[PDB]
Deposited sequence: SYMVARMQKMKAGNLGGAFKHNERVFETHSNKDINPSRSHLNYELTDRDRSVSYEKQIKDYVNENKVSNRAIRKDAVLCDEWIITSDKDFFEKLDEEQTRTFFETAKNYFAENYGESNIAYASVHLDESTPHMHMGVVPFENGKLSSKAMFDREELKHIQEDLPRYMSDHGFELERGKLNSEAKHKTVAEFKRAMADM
C-alpha cells in the first residue's frame, strides 16, 4: 500500500470550514453518523476554541515581529495522513491509533511539538484518515513558505514513509516524481 500524505494551506477564512468538518458540528452522504463517536482527537486541545482563535493566539503571543499577522497568512498546513483501505483492514484499533500517533510524532519531532494544533482522526468516512494542522511557526516567524517549500515536500515524500516502516508499518513511498494531479475529494468521487 501507498502512504498518503499531503498538505492543504489554511487561511483564516477556511479554518471555520475545517473546524466544522473535523469536529462534526453539522450531513455528507459518505459520513456514517453511527460511526462518529468512533473518531478521536490526538492533541490536548480545547474543543470549544476555534482553530482560527487557537493558532492566532499562539502565534501572536510567540512571534518576534511587532507587525500584525497578514490577513492572507497561511495559519496552518493541514496534512491528510492516510493510505488505502487494504492497509487499514489489516490493523486493529490499537495499531490504527498508533499509526496516526506515529505520523503526528514525525511532524512534532521535525517541525516542533507545539506546532501541532489539531490531529483529528476520522473513522466515520470511507477509510481511516487524520486531518493534522501543523503551524508553520519557527524562529519567532510564521511562514509556510519557509517551512514547506519544494525541497521540503520532496523530503517528506521520501522520509515520512521510511519513518513509518521504521516504526512497524508496511507501506511504501509514492511514485518518485509522480505525474498525478491532486483531485479534490468531490472530483475524485466523480472519477470513480
Next on the checklist: Where does the structure fail to cover the deposited sequence at the C-alpha level?
Outcome noted: 27 to 29, 196 to 198
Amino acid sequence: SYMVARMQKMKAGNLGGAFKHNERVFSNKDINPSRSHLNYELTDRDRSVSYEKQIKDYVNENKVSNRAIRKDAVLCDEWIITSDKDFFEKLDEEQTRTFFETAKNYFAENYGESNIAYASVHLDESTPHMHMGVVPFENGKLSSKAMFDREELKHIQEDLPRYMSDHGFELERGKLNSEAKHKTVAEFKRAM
From here on, numbers count along this sequence of modelled residues.
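We call the rigid core the largest set of C-alpha positions that still match within 1.5 Å between the two forms.
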Checklist entry - Line up the rigid core: which moves more in 5 other deposited structures of this protein, 181 to 189 or 3 to 11, by C-alpha RMS? => result 181 to 189
Checklist entry - Does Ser27 have no coordinates in at least a third of the other PDB entries examined? => result yes
Checklist entry - If you average the Cα B factors in the entry, which is higher, 33 to 41 or 152 to 160? => result 33 to 41
Item to check | Average Cα temperature factor in the PDB entry - higher stretch of 132 to 140, 43 to 51 | outcome: 43 to 51
Checklist entry - In the PDB entry, which of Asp77, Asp86, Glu101, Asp72 has its C-alpha at the highest B-factor? => result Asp86
Next on the checklist: Which third, lowest, middle or highest, does the C-alpha temperature factor of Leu171 belong to within its own chain?
Outcome noted: highest
Next on the checklist: Among the modelled residues of this chain, does the Cα B factor of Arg97 put it in the lowest, middle or highest third?
Outcome noted: middle
Item to check | Among modelled residues of the same chain, the CA temperature factor third for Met3 | outcome: middle
Checklist entry - By its CA B factor, does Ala180 count among the lowest, middle or highest third of the modelled residues in the chain? => result highest
Next on the checklist: How does the C-alpha B factor of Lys9 compare with the rest of the chain: lowest, middle or highest third?
Outcome noted: lowest
